[PDB]
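Engineer:
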Amino acid sequence: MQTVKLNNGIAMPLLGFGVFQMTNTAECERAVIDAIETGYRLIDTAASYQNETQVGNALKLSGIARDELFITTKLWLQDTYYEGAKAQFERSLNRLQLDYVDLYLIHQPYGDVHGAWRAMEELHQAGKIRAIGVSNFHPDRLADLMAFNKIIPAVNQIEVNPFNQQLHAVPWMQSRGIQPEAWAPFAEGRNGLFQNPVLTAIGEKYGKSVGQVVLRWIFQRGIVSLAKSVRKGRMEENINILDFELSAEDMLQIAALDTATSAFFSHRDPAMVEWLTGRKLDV
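Its first residue numbered 15, the sequence shown is counted upward by one per residue in the UniProt record's numbering.
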């Protein structure tokens, strides 16, 4: 499939599969097996999803060699500081049953981010992490982290969908050599995205679904995407986007949908800071 080269030279797939918090462990593990069988090699989890053990089990069941898989996980904020980042990272490796991860991200822009980053630089230099990055950082926070540290984040994973398009933040990242990676590309169906008349009409041009149109739009902007489903047939649809292309006119009509509004919440809202930093997880 198609990859992009990160700023440290490593290749990352452009199409990935993300897991999320799930009531049932079995469904999570079977989904990752199905995603690998479907052709996904980039697999994304996080310590806070509390499913790393299931993800690790699924990799063992997949029959695919370790060196062909690109595994991402993320540090949860109760350990965003120097000693904590190393402790939780080792817990994550143990749960995942891995000796290294391909990409490790700070999950949220909260806590002692600089201390956690220094730890992550050391873990990378120890050969335990192929690339380090962050998630949900605005450009100000990225510029701050770069100004004071040695390694520039390889990836910043942020919400990208047709109502929250990151029209400036994506070019700002790319201009600094940071690879954007999209989560919630479908805005979890919020605001009637699946029935949106513009996206539907573009899809009918190519015999593609709204979801395929959206993932193709993300791809054409040079952004890595994470798509989730627990149904194998949807996974097969989501990955099958390398056989068509959106025109300039199509891309224009999609850009016009932007409201620069998260489907979820703002990471700059102090109530969301207060809420997330108060969560206590056994990870």
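C-beta atoms are modelled at their ideal positions from N, C-alpha and C, and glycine is treated no differently.
If I measure Cβ to Cβ from residue 138 and keep anything under 6 angstroms in the same chain, skipping five residues before and after, which residues do I get?
Structural biologist: Closer than 6 angstroms at the Cβ level, and outside the excluded window around residue 138, lie 146.
Engineer: To the nearest angstrom, how far is the alpha carbon of residue 122 from that of residue 52?
Structural biologist: Spanning the two alpha carbons is a distance of roughly 30 angstroms.
Engineer: Buried or exposed, going by whether 16 or more other CB atoms sit within 10 Å of the CB of residue 284?
Structural biologist: By the neighbour-count rule (16 or more Cβ atoms within 10 Å), residue 284 is not buried but exposed.
Engineer: So, do the region 221 to 236 and the region 32 to 46 have three or more beta carbon pairs nearer to each other than 8 angstroms?
Structural biologist: Judged by Cβ distances under 8 angstroms, the region 221 to 236 makes no contact with the region 32 to 46, as fewer than three pairs qualify.
Engineer: With C-beta atoms as the reference, is residue 130 less than 7 angstroms away from residue 90?
Structural biologist: Against a cut-off of 7 angstroms, the Cβ pair of residue 90 and residue 130 comes out as no contact.
Engineer: Determine the contact status of residue 30 and residue 256, defining contact as a CB-CB distance below 7 angstroms.
Structural biologist: Not in contact: residue 30 and residue 256 (Cβ atoms no closer than 7 angstroms).
Engineer: Relative to the C-alpha of residue 286, which residue among 124, 20, 71 is closest?
Structural biologist: Of the listed residues, the one whose Cα sits closest to residue 286 is 124.
Engineer: Relative to the alpha-carbon of residue 153, which residue among 71, 185, 87, 252 has its alpha-carbon at the smallest distance?
Structural biologist: If we check each option's Cα against that of residue 153, 185 comes out closest.
Engineer: Just to confirm my understanding: we take residue 68, look at its own chain, exclude 5 residues before and 5 after, and list those with CB closer than 6 angstroms. What are they?
Structural biologist: If we look at residue 68 and ignore the five residues flanking it on each side, its Cβ neighbours are 39, 42, 43.
Engineer: Straight-line CA distance for residue 272 to residue 202?
Structural biologist: Rounded to whole angstroms, residue 272 to residue 202 spans 16 angstroms at the Cα level.
Engineer: Pop quiz: residue 85 and residue 115 are said to be a contact at Cβ under 8 angstroms. What is the actual Cβ separation, rounded to whole angstroms?
Structural biologist: Going by Cβ atoms, the distance from residue 85 to residue 115 rounds to 5 angstroms, so yes, they are a contact pair.
Engineer: My parser needs the beta strand (DSSP E) runs of 3 or more residues fully inside the region 129 to 185; what are they?
Structural biologist: If we require 3 residues or more, the beta strand (DSSP E) runs fully inside the region 129 to 185 come out as 143 to 149, 169 to 173.
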